[PDB]
Each structure stands twice: as structure tokens, then as C-alpha cells.
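Heads up: the structure comes next, in C-alpha cells.
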Amino acid sequence: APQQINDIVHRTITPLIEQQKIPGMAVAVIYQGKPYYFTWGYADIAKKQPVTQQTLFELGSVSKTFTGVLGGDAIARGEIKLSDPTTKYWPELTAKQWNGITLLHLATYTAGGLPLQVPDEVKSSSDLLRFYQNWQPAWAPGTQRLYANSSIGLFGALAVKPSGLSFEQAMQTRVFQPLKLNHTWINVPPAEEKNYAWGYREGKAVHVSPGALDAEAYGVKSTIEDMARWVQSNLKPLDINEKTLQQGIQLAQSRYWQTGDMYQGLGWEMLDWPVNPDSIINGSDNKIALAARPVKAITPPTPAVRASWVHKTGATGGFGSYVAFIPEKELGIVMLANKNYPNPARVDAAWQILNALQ
Amino acid sequence: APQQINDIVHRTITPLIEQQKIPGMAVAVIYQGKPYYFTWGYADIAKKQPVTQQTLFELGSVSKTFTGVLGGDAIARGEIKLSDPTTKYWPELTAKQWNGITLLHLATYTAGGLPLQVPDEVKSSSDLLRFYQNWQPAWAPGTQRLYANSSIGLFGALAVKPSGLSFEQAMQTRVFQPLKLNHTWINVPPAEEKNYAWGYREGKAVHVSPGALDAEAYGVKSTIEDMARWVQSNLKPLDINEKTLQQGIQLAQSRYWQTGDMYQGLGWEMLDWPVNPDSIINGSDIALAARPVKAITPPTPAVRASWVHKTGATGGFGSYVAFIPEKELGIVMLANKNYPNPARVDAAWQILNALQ
Ligand SMILES: *C(=O)[C@@H](NC=O)[C@@H]1N=C(C(=O)O)/C(=C/OC(C)=O)CS1
Ligand SMILES: *C(=O)[C@@H](NC=O)[C@@H]1N=C(C(=O)O)/C(=C/OC(C)=O)CS1
């Protein structure tokens, strides 16, 4: 790596790991379009297995960026429209509160207060229909953004209905394969288990538990190499050969709603660059990031803005992830750890690094 | 051309020219991506000059397709947003009816009843300001569509302000040049007058008159070759090398509003394909039809299975362009008489339906 990349990464990430007591960490910096990789510590503390370029980490809510782009691709294929009623694709969802809730509201957490989590007790398809049929909204559609796994989770499940493919099969064949993400999985197969990091929570080794709509909201596992490729793809979508995927990545960075200084994409969130770092740093703390906020519709949505900070945080019980990039600067960063440590500390580190390099 | 293309075109266009008494016509069929050209009759009856592939015709309102694409390319550049208020780009528009009227409303005829024509007495840009300030909407913004040159014409004018270029210069540098439309003009240069057809209105030779926002709403002249290249560009925007233009073409074919079976783009109008030919044939015809619109929220990106089209007339010319992206199929009809729109649509549908 150029010395200026090594110096700012070492000075920022290495101390963060000490401060947060992170067992293992991989970071990619994309600089003038090319990836540079850094690794620390252990994937599995008991085995003393080092983090490598092949180590798979739980991306947690970073998965929503794959879901947003898979939906973007289905729109480009003309299979779905974000203006369509949710009930077009789930004809069994007939209760009256759903009138007026569209795929756009599910994808952007604006349906009117669908809950942060799908309840743990929901296990079957039948449980899931009953939970949505029984949900009562806190606000009208398209008035309030409330971050919610049960919102974008349902979007992803419905987006793939026209294709007839399972969500996993659509994600593999339409997104992971065309981008050569060859070590990225919704369900880690036996061959990859030896590379699958353990997460650490209260010192115990953990992996995420099965949950309804887990694949669509928080279920992707990936390596630092494949996430570097994912950043590159989202930095420069016109390089992607497959027309509908190139389109889908562009649609996932369109600005659909504005709250404060952020804009909501499909999975991705965006702010103009240069950003106020205190804004993304404080905004990432869960007391703000999970609060309801009033949205202004952006009518029609602004196409992807090059001069943006585009980012997403993600956590599972044992893992904490962050991805951020600025298309205009051909610059990005991926940070994967096998401990769930506070968001502001991720955003602050990533900001220090990217701001040094632009 | 392949004998089947030849035969469908000639058995359609021959009787059209006879029945409508058209003095000169040029047609291009785009079939599997490649252009095939046909020409008939006279560009200049008095001078006995035939229509050729280099004859310029007035496109009339087909010019709005170039204005919608130039707008789409300005949005792709980040210079404007369709969600911007009009007053952002013309802050002298202080009259209170302008609050809430966006560039999207201007581009799609939904501002609330701006009129079809800018009145003839509007010359200067101060007369133009006074016209817009004094205009009284019939409706709230985004509730009814009323086709209007004064609506998309102002959109064209404002969309280029951040660029710092004249509308003509932006159109030249950002659309005509990149697409090698080198015989397409807002103002026909002296060197190209020998190729400018006359239009014919009641047997008299006529050309379009200057008027305010003419360039933006109805003032482009072009050849059948350059119009075939325009149709190719709109059929396959992914082949275009300039990234903002490729995107601008896509934005112009997004579906912003629905009324009946038709969707409004930026300049272009679209229907799902296959189309009921009655929907487009009668649909193309009335001096004012005000139609309620449903917003497409958010707009649908350009749908490949569409019949995408635009009609156009000036006092002496009648033009039509239609294409179907998923079949790589298109047609351009240019004539130097303004004959009824249903006759245009009917011919076009009878040709393209036969070729797919
Ligand atoms: C995605 O990461 C998702 N959690 C998935 O398991 C979101 N991120 C959170 C976080 O940043 O920590 C969430 C914490 O939720 C709480 C504190 O209840 C949940 S939503
Ligand atoms: C463009 O062609 C424009 N005339 C410009 O000089 C419009 N042309 C019409 C037409 O195609 O005949 C118009 C019909 O008006 C309606 C009701 O759409 C509008 S003026």
C-alpha cells in the first residue's frame, strides 16, 4: 500500500482495536479504485486462527445494501415497481391498513412504523402473515422513517416473487455471481465453515440465530476481499457488464426521502460530501439511528449523487461492520470485526481515514 | 432493404401519401437495430427538388423529445433536480401561484393549466416574465395534464441555466454532437438551406415563424438519417458513451404520470406494449384535452416493453416517431404537410406490428 494509506490505517484502526477490545478485524481501503487490505488478530480465539483475506464475517444490517441492490435489479428487469402496492405481490395481505403501503415504503422504512424486529416468536410463513395482517401503523404511509428489519425484510421477500426464485437463489445468481463475490453467503456451506469467524459477545463465541426474514435484513456473511469488490461495484456501477445490475446499483443510491442531512436509498443511506463528521458520527448512535424522524418525499427521486458519503452500519450479537464510500473520489472503506462495538467509533475511524485520503 | 420491409412500407405509405395529398415524405424503419430509408415526392414543388435522405424537415413538437433528453442530461450532471421549485432557477417569478410548481410539473404539463401556446405578443424575456407572473392556474400542481408549449418550453429554458450555455449551445454540445446528429438544427445555417424543404399549408410554401421558447418546444429541423440515429439512441441508450447523456435518455423515458393508458415521460410519451392500436390511434387526435393524472410515485424507470412515441406539427409539416425498446424496432415519418395525427399513428402501427 502507499505509505500514506498504511500510516493513517495503522494510526486509526490499530488503536481502535485496543480501545474496543476487538478480537479480530479486517479492513479494506479502496483508493483511486484499487483495494488495500489490513488484518489484525483472530477469527477464532481458542484455535488461534488468524483473520485472513478469506475470513467470513457476519455483515449484520450491511446486508440491507445487498437487498436494496437486488430490489433495484428486479425494478430494472421490469419485474417490480416501487409504486406498486405491497398486496400486488402478497395477495393474501388483505387487511385494510395495507391500503396505500407500497414497495417504496417497505424498502425505505416509511410504511408508518413497522417494528424494528420481526418478533422472535414468528417462525412459520403462517406466523409471518398473521404478524403483518395484525400490525397497526403508528403513522400514515410516507410520513415517518423508522428503521426496521420487518420493513426492508418484507421488501426483499416480495421483490423476488415475480422471478419465482427463492431470495437466496436470486441474490446468488443476480448479485453475488455477476460481481464474483465467490466467498459471500446467506447460508455458509460446509466448505467455508473453517473460514467462518466466530463472533464474540460477553467473551462467548456466537453466530447469528435463524430468524424470520433474516436473509433479507441481516443475514449475509462475507470476506474483506468480496466486500472490497462490493464497494468497488457500488463506487463505479458503469463498470458492471450486466445491464440490470448496473441499473439496480444506481437505483439503490437514488435519494427517495430526506430527513435532516441524510437521504434514504434502497439499503444505502447518503449525505452530501463534504459531510459534517459530527453528523454521521452522532447520527449513527442508536438513540438517533433507530428513532422515528419525519421525511420529505423527493419527488421524483434524485439520481445517485456522485459527491456523496454513502454508507451503512451493521451488527449482529457477535459482529460489527461498517462500509462507507464517496463515488466522486473513487474512495471507500470496509471495516469488519468479530465484536459488536459502538457505531460512532466505527464512523469516526472511517471518517478519519477517508478524510485523510481524499 | 429486405423485400418484406420494402413491401410493408410501400403498401402502407403509398396510399397515405395519395389520400392525404402529401407533397414529400421520408420514412426510416429501424429493424433489429439497422436503418432502412424511403423517400417520396418533393421537398420544393416550385424548384422540382425531390425529397432525399439529406432533406431537412421541421420536426415541430417532436422537438420536445430533444428538450426532455437535454433536461434528463442536466439532471444526470447534477445541475438541476426535477423536484427543484421553478423559482430556484427564476427567482423573479415571485407571484404566489408559483409556490409548489416544480421543474417536474413544467416538463410534464402538470403545473396546473399553463397554456398551449405562448402568446404571439410575448417577445422579450421581460414579456415572458410578465406572462408567467400574470398566469392564473386553473388547478393545483400535479393534478391535471394539459399539453402545453409554454410548460415544457419554460422547463427547457430553465434546465440549461446552471450550465451557463444558451439552450441552443447546450443542445448542440450535449446532445446533437455526441450523437453525431450533424444535420440537425435549431437554426438552419445558410450552407444547409439548399436541403431545407418547404412546408405546404393550403398549397402555399411556408416555414415555421420565430416565437418565444420556439427552440425548446417546436423548433428543431432534421434529416431522416439523423432522426433514425435519434431513434437508435433512444432504443439503446446503453450504447452511448457519454455517461450523463445515456442517463438523460433513460430519465426521459421514465413514467412520471398516468392518464388512461398513457404515461408521460420528459418529451416522450409511452404506453405498454403490446398496445391496443385504437388507444394510440384515437389517442393522437381536440384543441385542448385536460385530463386528470395519477402520480407514479416514484417514477417507473424506462420500461423496455413500451410503445414510446411523439407526434409533431408545424403549419407546413407533420412528423411522427415511435419505437419499441424490447423489439429493437422503430419508425420515423417526416412529411411537408401537417395531415391528421391518427393517419400517422395508424401507418406506423401497421408497419411496426408487421415487423415483429
Ligand atoms: C442491523 O445491524 C440491525 N440489527 C440486526 O441484527 C440494526 N442495527 C442495530 C444496531 O446498530 O445495533 C440494532 C440494534 O437494535 C437495538 C439496540 O435494539 C438493531 S437494527
Ligand atoms: C407541436 O407539434 C405543437 N405545435 C407546435 O407548433 C403541438 N402540436 C399538436 C399537434 O400535434 O397537432 C398539439 C395538439 O394539441 C393537443 C391537444 O395536444 C398541441 S400544439
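Things to note:
- In order along the range B:277-282, phi translates into HN-Hα couplings of x, 3, 6, 8, 5, 4 Hz, rounded to whole numbers, per the Karplus curve 6.51 cos²θ - 1.76 cosθ + 1.60 with θ = phi - 60° and x for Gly and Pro.
- The mean count of C-beta atoms from other chains within 10 Å of the C-beta of residues in B:296-306, rounded to a whole number, is 6.
- At 1.306 mPa s and 10 °C, Stokes diffusion of chain A via Kirkwood alpha-carbon radius, µm² per second: 78 µm²/s
- For the segment B:76-86, counting C-beta atoms of other chains within 10 Å of every residue's C-beta and taking the mean gives 3.
- Projected-area mean, the range A:63-132, by convex hull of Cα positions, square nanometres: 5.2 nm²
- For trypsin sites (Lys or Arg not before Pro), the sites in the range A:80-178 that DSSP calls loop and that have at most 15 other Cβ atoms within 10 Å are A:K123.
- Dividing the convex hull volume of the alpha carbon atoms of the protein assembly as shown by its residue count gives 169 Å³ per residue.
- Normalised contact order of the range B:1-106, rounded percent, pairs of Cα under 8 Å and 6 or more residues apart: 13 percent
- The range A:125-245: C-alpha gyration tensor shape, a/c 1.5 cut-off, then a/b vs b/c: oblate
- Centre separation in Å (Cα based) which lies between the range A:285-300 and the range B:167-192: 45 Å
- Computed P(r) (all Cα pairs; the range A:1-90; 5 Å bins; percent): 3, 10, 14, 15, 15, 11, 8, 7, 9, 6, 1
- Along principal axes, Cα extents of the range A:216-276, largest first, whole Å: 33, 26, 25
- Chain A, relative contact order [Cα under 8 Å, separation at least 6], %: 26 percent
- Taking amide H as placed 1.01 Å from N in the peptide plane, the amide H of A:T302 sits under 5 Å from that of A:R255, each at least 5 places away or on another chain.
- Look at where the Cα atoms of the range A:108-145 and of the range A:233-261 average out, and the two centres are 26 Å apart.
- Alpha carbon centroid spacing (whole Å) that separates the range A:70-97 from the range A:9-38: 39 Å
- Our summary of shape: the Cα atoms of the range A:80-186 have principal axis extents of 42, 30, 25 Å, ordered from largest down, in whole angstrom.
- Here chain A is assigned +1 on the Cβ of each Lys and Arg and -1 on the Cβ of each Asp and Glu. Its dipole about the Cα centre then comes out at about 180 debye.
- Taken one residue at a time, the phi angles of the range A:316-324 give Karplus couplings (6.51, -1.76, 1.60, θ = phi - 60°) of 10, x, x, 9, x, 10, 7, 9, 8 Hz. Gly and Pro are set to x.
So basically every Cβ, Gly included, is an ideal-geometry build from the backbone, and we count neighbours across all protein chains shown. Bear in mind that the values in this text are calculations on the coordinates, not laboratory data.
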